[PDB]
Amino acid sequence: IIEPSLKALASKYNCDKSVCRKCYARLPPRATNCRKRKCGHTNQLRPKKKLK
Amino acid sequence: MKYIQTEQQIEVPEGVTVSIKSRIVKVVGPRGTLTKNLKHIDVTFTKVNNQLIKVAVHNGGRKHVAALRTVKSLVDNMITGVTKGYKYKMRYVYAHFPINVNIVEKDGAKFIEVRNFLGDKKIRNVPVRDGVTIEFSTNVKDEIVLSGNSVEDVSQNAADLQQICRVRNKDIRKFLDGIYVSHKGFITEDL
Amino acid sequence: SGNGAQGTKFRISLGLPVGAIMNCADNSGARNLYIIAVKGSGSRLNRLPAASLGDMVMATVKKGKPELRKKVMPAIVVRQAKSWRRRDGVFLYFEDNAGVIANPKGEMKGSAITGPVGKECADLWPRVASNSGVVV
RNA sequence: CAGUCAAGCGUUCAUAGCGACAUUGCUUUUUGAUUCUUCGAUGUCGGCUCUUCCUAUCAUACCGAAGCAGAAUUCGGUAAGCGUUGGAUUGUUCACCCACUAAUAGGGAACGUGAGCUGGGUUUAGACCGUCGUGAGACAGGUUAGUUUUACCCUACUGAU
RNA sequence: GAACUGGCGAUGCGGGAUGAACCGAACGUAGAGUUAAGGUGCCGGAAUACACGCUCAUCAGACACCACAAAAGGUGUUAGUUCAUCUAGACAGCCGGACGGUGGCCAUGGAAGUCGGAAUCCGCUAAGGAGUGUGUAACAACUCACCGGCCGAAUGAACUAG
Ligand SMILES: [Mg+2]
Ligand SMILES: [Mg+2]
Ligand SMILES: [Mg+2]
Ligand SMILES: [Mg+2]
Ligand SMILES: [Mg+2]
Ligand SMILES: [Mg+2]
Ligand SMILES: [Mg+2]
Ligand SMILES: [Mg+2]
Ligand SMILES: [Mg+2]
Ligand SMILES: [Mg+2]
Ligand SMILES: [Mg+2]
Ligand SMILES: [Mg+2]
Ligand SMILES: [Mg+2]
Ligand SMILES: [Mg+2]
Ligand SMILES: [Mg+2]
Ligand SMILES: [Mg+2]
Ligand SMILES: [Mg+2]
Ligand SMILES: [Mg+2]
Ligand SMILES: [Mg+2]
Ligand SMILES: [Zn+2]
C-alpha cells in the first residue's frame, strides 16, 4: 500500500516523538526536559501514543 | 566558573584558503567561496602553520565557552561544504494521491511546484535559495536531490518544502503523506 | 433557506416579521400559517426576525384540521405582498402573503399549489417548482 | 476558580480523559463578620438606552494532544480584534421552556446609569382576607388603589467663532 | 477584649515620595561647626567612589512599619554534600566476538537462558552468563553484559541552597 520502508521514515518525523505532560509540546523521542518556558522545562514526559 | 583559557582546533585541508578579518571569515575552495559574520560572539582567531587555525576564549562562562564549539563546527561545515559539497536527498511519501512536484520559473525565481497533495486544488510554491541545485534524479522512484556549498541554504530549503507539506484537520499518525528527508551527505561523498 | 436550499438567491426586501399570519397556499388542509422563526436569520438587539419570499421559516398552523394544530413545522413562503426590487429593475408584489408546508429537506407536505408563485422561490426549491401552477 | 501528590477507573495502562485519601492557593460577580466614613438626608429593586474595560474564551483566527480511520467530539495554548438573539410565564435579579444562530461565555464601572425614562415590587397615609392579640393593633403572609421637583453655574463631552 | 512600656490625642522638625501613631530628634530669636535617621545617575544637596561574586526576566529587581504570594517543579546558572567508575585506558561515540564443560536439574506437548520452575559450578582466552532482552511450540537466529578495536581524561548517581 505505502511500502512500509517509507512509514518508518515518515513516522520518524511525525510519530516517533515524545510529549510533555504539562504543555502538550512535541519533543524529540529521547528528550529529557521540555524546551518550553511555560511548563518550566519540566522533566515529566510521555511517549506519543501510537496506533493499535 | 570563568575558564581562564579554552581551546578547540580547526584543521585546514590542502586546497582551501582561509581569510579571516576581525570576525568576517572567508573560505576559498574548489567549489567556490563561503563567508558570513561572527561579530556577535567575541572570539579570537589564530593562524598556526597555514594548515591549522586556533580559536580561543579567555575568561569565559559556561554559555560563552559552549558558543566556541558551535563556531568550531560551523566554520568546519564551510570547509566540508566547499570541498565535498552538501547533498540532501528528499523523498516523497504518498498513500493514495501521487504528488506531482515540478520546477517553474516565474520572473526567473525558479520556484518549486507542488500539486495533488491530498488531492488539494491549492498549488504550493517554494522558492529555491541561491546556490542550491535541484535534481529530479532518476533510478530511484519519487525522490529529489538538493545540492550546494552552504549547508544552511541546503538544509533550510530542504526543511522549507518539508514544512509546506503538513497535513491539517487529520490524524498525522495515520495520514503519513508528505515529503521527508531521507539522507544527508556530501556531493563528493566517499572521495 | 437551509438543507433544501439548492443554490443562492439575491437579497429581497423583508416583509414578514415574526408573529405574522400568512395564508396557506397548498392542499394540505391548513388555512393560515403563524411565523415563529426564520431559518438563516441573524441576531441583533430588538430586531425581529423577518421572512421574505422563498425563505424557509418555522411556522405554526392556527386554522386547519386538528392534526395540524398544536405543533411546529417548517414552511416556505411563496407570496410576499410587499414590493421588492428584482435586479432586472422591476418592483413587484402580490396582493397577499402565502406559503406552503414542507419538511426540513424541502419536500412539500401538500400536493398542489393554488395561485401564482414567485420566481425566486420556485427557482430555489425544486419541489415547490414542480407543484407550482403559475410562476412569476 | 486553579494547582501539587497519586490508591484506583479507563479491556492491558496513573496521568488520552478522570481521580479518592490529603495538602497549597487565587478572586471579591455570593453570602457572611466588623462598624471605619455618611442620619442639618450620596434618591435603595428591576427593566429600557448607552459607552468602555477584565479574561477565568462560547464562537470566529492559527496551532498542540487523544481511548483523533473519516465525520463528530474531548483536553490545552496564543488570543478580548469581532459577535453573542427573538419570544411564552413572573415586578422580578434568578429560574424554566419554544426557536433561530457560529455562539446564544462569565463579570465590573458607587451591587454603572431616576435634575436619562418607567413605577411593576418593596416602602407612608385608604381598604379587604387568613392567623395572632380581649383590646388599640402585629405579620420578609396574600390582594387593590396610591404627586417621581430644578440645570441658565463650572468642569467633562459634541459641535461652533 | 486584657498586661507592661513607649507614643498620638496635646506635636511642630529631618527621613519613610505621599500618611496621628514608624526611624531620628522634640521647638525662644539669630550666626558658625559637627552629625542622627536617611542618602550621594538625573529630578536632588552629596563618590557614574573603591572592592569580591551572583542574576538576563517574550510579567527581572530595587530597602523595615508598607501596601502582599504559597505548596510543588526546572542538564537555566553558581557553590556545595554523600556515594561510587577511572591511564590495570573513566563516560560517550563509532567496530567485532560474545565459545566449550553441559541441552546444568524438574515442568516432557516443549526449555542450551529465556510459556515456567527448585537452582548456579568449571575450562578457553585481553573477553564473553548452568545467561538480559528480540526470538521458536522447542533449537539455533539476532541482541545484551562483558571484554577487546579507535579515542585519551575525567564520568555517573542521589541530595542541599543562592
Ligand atoms: Mg428589548
Ligand atoms: Mg455601615
Ligand atoms: Mg444618614
Ligand atoms: Mg449635607
Ligand atoms: Mg447624588
Ligand atoms: Mg488566558
Ligand atoms: Mg461588587
Ligand atoms: Mg447599567
Ligand atoms: Mg444620575
Ligand atoms: Mg398602605
Ligand atoms: Mg380602615
Ligand atoms: Mg379574635
Ligand atoms: Mg414589615
Ligand atoms: Mg480630644
Ligand atoms: Mg511627637
Ligand atoms: Mg528603636
Ligand atoms: Mg547634584
Ligand atoms: Mg522553591
Ligand atoms: Mg539551581
Ligand atoms: Zn512542556
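Here the Cβ positions follow ideal geometry from the backbone for every residue, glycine too, while neighbour counts run over all protein chains shown. Read the figures in this text as sums done on the coordinates, not as results from a lab.
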### Query
Residues that are of a type in the set (F, W, Y) and surrounded by 11 or more Cβ atoms within 10 Å (Cβ to Cβ): which strands (runs of 3 or more DSSP E) entirely in segment B:1-102 hold 3 or more of them?
B:86-93
### Single match in A:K12, A:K52, A:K22 (criterion: within 12 Å of chain B (Cβ to nearest Cβ), more than 8 Å from the chain's Cα centre (by Cα), within 16 Å of RNA strand E (Cβ to nearest atom) and on the phi < 0 side of the Ramachandran plot)
A:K12
### Query
If only one of B:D171, B:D160 is closer than 19 Å to A:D16 by Cα and either in contact (Cβ under 8 Å) with a residue 12 or more places away in the chain or surrounded by fewer than 18 Cβ atoms within 10 Å (Cβ to Cβ) (or both), which one is it?
B:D171
#### Entry: The listed residue being closer than 19 Å to C:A50 by Cβ and in contact with a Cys (Cβ under 8 Å, 6 or more places away or on another chain), out of C:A81, C:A98
C:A98
### Message
I need the full set of residues from segment B:104-135 which are assigned to a strand (DSSP E or B) and closer than 19 Å to B:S150 by Cα, in order please.
### Response
B:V126, B:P127, B:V132, B:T133, B:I134, B:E135
#### Entry: Evaluation of B:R129 against (1) out of contact with any helix residue (DSSP H, G or I) (no Cβ under 8 Å at 6 or more places or on another chain); (2) more than 14 Å from chain A (Cβ to nearest Cβ) (one fails), failing number
(1)
### Query
Before we move on, is B:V128 under 24 Å from B:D76 (Cβ atoms) and surrounded by 14 or more Cβ atoms within 10 Å (Cβ to Cβ)?
no
### Task
Keeping to segment C:100-114, report how many residues are more than 12 Å from the chain's Cα centre (by Cα) and part of a loop (DSSP other than H, G, I, E, B).
9
### Query
Name the pairs whose Cβ atoms lie under 6 Å apart, with the first residue in segment B:86-112 and within 12 Å of chain A (Cβ to nearest Cβ), the second aliphatic (A, V, I, L, M) and in a loop (DSSP other than H, G, I, E, B), and 6 or more positions between them or separate chains?
B:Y92/B:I99; B:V93/B:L176; B:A95/A:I2
## Note on the structure
Counting only residues in segment A:11-24 that are in contact with a strand residue (DSSP E or B) (Cβ under 7 Å, 6 or more places away or on another chain) and near ligand 20 (Cβ under 10 Å from one of its atoms), the one nearest to B:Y180 (Cα to Cα) is identified as A:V19
### Task
Please work out which one of (1) out of contact with any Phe, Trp or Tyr (no Cβ under 8 Å at 6 or more places or on another chain); (2) within 14 Å of chain A (Cβ to nearest Cβ) is the condition B:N139 fails and give its number.
(2)
